[PDB]
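Computed from the coordinates by the stated procedures, all read-outs in this text should not be read as laboratory data. Here the Cβ positions follow ideal geometry from the backbone for every residue, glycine too, while neighbour counts run over all protein chains shown.
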Ligand SMILES: Nc1ncnc2c1ncn2[C@@H]1O[C@H](COP(=O)(O)OP(=O)(O)O)[C@@H](O)[C@H]1O
Ligand SMILES: Nc1ncnc2c1ncn2[C@@H]1O[C@H](COP(=O)(O)OP(=O)(O)O)[C@@H](O)[C@H]1O
Ligand SMILES: O=C(O)CCCC[C@@H]1SC[C@@H]2NC(=O)N[C@@H]21
Ligand SMILES: O=C(O)CCCC[C@@H]1SC[C@@H]2NC(=O)N[C@@H]21
């Protein structure tokens, strides 16, 4: 009844009035590539390290099953597909989303969306949480708050699915292309603090050919950050 | 993202851009009660006696998984739930649909929808095919042909699911109610013929407490027709 016209992402969509976590359901269940798992609300939504992701009714909480046939070294770029897709959808609705490396989307430095990619081999789950009309925690924002009016949730869904399908199809043929789109939509040229084993500060200059964040410390030392258990903080 | 407010039917919805048959998928897949299987198009859609059901893009082709903890003699009424649900939805859209025993819905005697119920052990699969904006076989009709305009397919889905959930929840408590709703929306008082071995003709008087069609032959003999591989047409 949805009449989606995408090639891979959206071939099938499993909708839930409520679920524990779309990412958990997607990782656990036997699902075909391109299947989208979406729920009105999540009772156990999470980000990295099992951190709580508030998922009340009004937001877009979904996961996509992917089985990218590309080199291993390219797999880490899947998170970027999600971030860019969200940014493109926000721009369609005239909202200025910017990427906070490597998985967040901010609007005026307030978090409007988060991307979580999980994989156990050939099966990769791309999770996306986007605040639309729902109430949000402090430090966050939503499409409704930025526009001053409610936004049809299904319209956001259709837009995002269309963008992700296009981005994914091109990623399979040219896995390097996504990097340019990230650069063009990422917050750069500002001081950041990298949190992990210890921490250091510097100017976020750009991302390299592997998607690593390039940071220039005051001494002039250049560090390349690989995303894993490391958190980025703006000053 | 659909934000369905139903209690049971629609708690989960599995959408397909393309599928062989929603009924076949519902029968062979483990699915929680209330799960709706829906597809833009069916390649192997079928009615009674495996007869092909044209299911092109534009129509509403779906199946609902049920498991009625109701007595053993009420189960044949499930088909009526589907038929009445369709009639109610059509009325909301300014269309007067009437039920042709035992599973068809006609508009000015042209078929606009068909219902197919298949009980498979534990669960019962309620299949409904409704012509909305799609092309239909000669002699048939659609909501678009009746209204002369493009009808939003998702709005029809929402309406039907809402009606079915209400009808089903009541059916679980008051299983006899559906019979009177059928009687008041069924084509009666007309002549019909029953094909096959031992064929005969007569006036379709009403349906009894078991949903059997009551026919009065010209001799005065009364026959009761059960919903089997029964082929019934008007005269
Ligand atoms: N709906 C929401 N919108 C925005 N931020 C949220 C929401 N729910 C939770 N958060 C915050 O966002 C964090 C998201 O995951 P996290 O793994 O910390 O990564 P990030 O580095 O992107 O902040 C949570 O720890 C929480 O503080
Ligand atoms: N999209 C459609 N709309 C209306 N009628 C259809 C459609 N596709 C098939 N049919 C008709 O419906 C039949 C299948 O359902 P069935 O309940 O056995 O009713 P019928 O009494 O018409 O044979 C097919 O054999 C065909 O004649
Ligand atoms: O900000 C992050 O660190 C990522 C948050 C990802 C949230 C989404 S909501 C859909 C999917 N299901 C989950 O339990 N998490 C992701
Ligand atoms: O008139 C009939 O015989 C009933 C037709 C039922 C058609 C629907 S379309 C959704 C579901 N999937 C199928 O293959 N058949 C039913």
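Which whole-number percent gives the relative contact order of chain B, counting Cα pairs below 8 Å spaced six or more residues apart?
Relative contact order comes out at 17 percent.
Which ordering of A:233, B:216 is given by a fewest-first count of other beta-carbon atoms within 10 Å?
Going from least to most buried by this count: A:233, B:216.
Can you give the mean number of other chain Cβ atoms that lie within 10 Å of the Cβ atoms in peptide A:6-14?
3
Full-extension gain between residue B:173 and residue B:52, please, as 0.36 nm times their residue separation minus the C-alpha to C-alpha distance.
Additional length available on full extension: 40.1 nm.
Divide, for chain A, the radius of gyration over alpha carbons by 2.2 N^0.38 Å, where N is the residue count.
0.97
Hey, fewest Cβ within 10 Å first, where do A:143, A:44, B:1 land in order?
With the fewest neighbours first, A:143, A:44, B:1 line up as A:44, B:1, A:143.
Based solely on its DSSP helices, what 222 nm [θ] is calculated for the protein assembly as shown when runs of n ≥ 4 H residues each add -39,500 (n - 2.57) and the sum is averaged over all residues, nearest 500 deg cm²/dmol?
After summing the helix terms and dividing by the residues of the protein assembly as shown, the value is -7500 deg cm²/dmol.
In a Gaussian network model over chain B where Cα atoms closer than 10 Å are linked, find which of B:83, B:140, B:113 has the largest mean-square fluctuation.
Result: B:140 has the largest fluctuation of those listed.
When chain A is modelled as a GNM with alpha-carbon springs shorter than 10 Å, which of A:47, A:34, A:220 fluctuates the most?
Most flexible of the set in this elastic network: A:220.
Which residue fluctuates most in the GNM of chain B (Cα springs below 10 Å): B:60, B:213, B:181?
Greatest mean-square fluctuation among the candidates belongs to B:181.
Percent relative contact order of region A:1-52, based on C-alpha pairs within less than 8 angstrom and at least six residues apart?
41
For the peptides B:201-207, A:189-195, what is the packing order when you average, over each peptide's residues, the other Cβ atoms within 10 Å and list the highest mean first?
Per-residue Cβ counts within 10 Å, averaged per peptide and sorted highest first, yield B:201-207, A:189-195.
Take the Cα pairs of the protein assembly as shown, get the Kirkwood Rh, then feed it into Stokes-Einstein at 37 °C and 0.692 mPa s and tell me D in µm²/s.
133
Would you kindly calculate the mean projected area, averaged across all directions, of the convex hull enclosing the Cα atoms of region B:117-210, in square nanometres?
The directionally averaged projection comes out at 9.3 nm².
Please compute the Cα-Cα pair-distance distribution of region B:188-235 with 5 Å bins starting at 0, giving whole percents from short to long.
5, 23, 36, 27, 8, 0
Neighbour counts of other C-beta atoms within 10 Å: give me B:135, B:173, B:52 arranged from fewest to most.
Listed from fewest to most nearby Cβ atoms, that is B:173, B:52, B:135.
Once you have the Kirkwood Rh of region B:12-149 from its Cα pairs, apply Stokes-Einstein at 20 °C and 1.002 mPa s and quote D in µm²/s.
142
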